[PDB]
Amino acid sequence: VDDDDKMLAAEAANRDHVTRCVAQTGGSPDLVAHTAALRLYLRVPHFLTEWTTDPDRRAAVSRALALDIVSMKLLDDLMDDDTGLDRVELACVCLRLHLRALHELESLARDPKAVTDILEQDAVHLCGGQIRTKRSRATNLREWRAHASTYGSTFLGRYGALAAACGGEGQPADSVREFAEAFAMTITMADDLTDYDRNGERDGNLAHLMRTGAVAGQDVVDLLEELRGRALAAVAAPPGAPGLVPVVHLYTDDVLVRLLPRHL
């Protein structure tokens, strides 16, 4: 039973916890399905909880994070209003999953108060950030990374801090967060370079800037190597999460080998 077996079971367990919850609160089949298809979002909590030694606590935190992350994803579906799903269901399920997550996370945190501390702390930076992102679209790598740092990095960094706050001891809280923020940007670039064709995205989209020449391929390669570097470092801080090393390489190499060639 290797790490992949733990990852696959964590993902399935998070998916089930989420769908059960969407369904008991009125979610339509289409919404339950939409929810079941957010694969990475359901998997990411497993990486964030890699520093948690108790297997039972880790599964509990993992699925509580999955509930809020999916919740935020639905809130995001609600603002783009482009999924064809019923906005009432989207809004209601979004609220329901979020409140259940607060309940679950607070019941696992050493200090229940730590949960609302973390969520409030850079709430302005994350929310005001998302507004600016959608207002002024990016025109170069500097502007892109800046925006991605809020809806991507700050977004995941928060769940990083929560996983540390609800994971018991032996948790290097700042490294868990460092990890999530660097990893979040690697995957945000991935999404950008996948969503160009799957969604027909243009304005502010990194793939678009790449093709229109506003951004150089080498710069993009450098950014990825920088993020890889930052992620590997974060997981080497004591106590350390060696399990995440292959994960960092997996997602980074994929953007390099599979996705970048599609734009250059």
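Note that residue numbering begins at 1 and tracks the sequence as displayed. The term rigid core refers to the most C-alpha atoms you can superpose between the two forms while keeping them within 1.5 Å.
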Greater Cα displacement in 6 other deposited structures of this protein once the core is superposed, comparing 98-106 with 190-198: 190-198
Greatest C-alpha divergence in 6 other deposited structures of this protein once each structure is fitted on the rigid core, 232-240 or 204-212: 204-212
Averaging the C-alpha B factors as listed in the entry, name the stretch that ends up higher: 207-215 or 46-54. 207-215
Looking only at C-alpha temperature factors in the entry, 93-101 or 187-195, the higher average sits in 187-195
Looking at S153, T116, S136, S71, which has the biggest Cα B factor in the entry? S136
Tell me, lowest, middle or highest third: where does the Cα B factor of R202 rank within its chain? highest
Could you tell me which third, lowest, middle or highest, the C-alpha B-factor of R158 occupies within its chain? lowest
Relative to the other modelled residues of the same chain, rank the CA B-factor of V176 and answer lowest, middle or highest third. middle
Comparing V88 with the other modelled residues of its chain, is its CA B-factor in the lowest, middle or highest third? middle
Entry-reported C-alpha B-factor of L259 relative to its chain, by third, is lowest
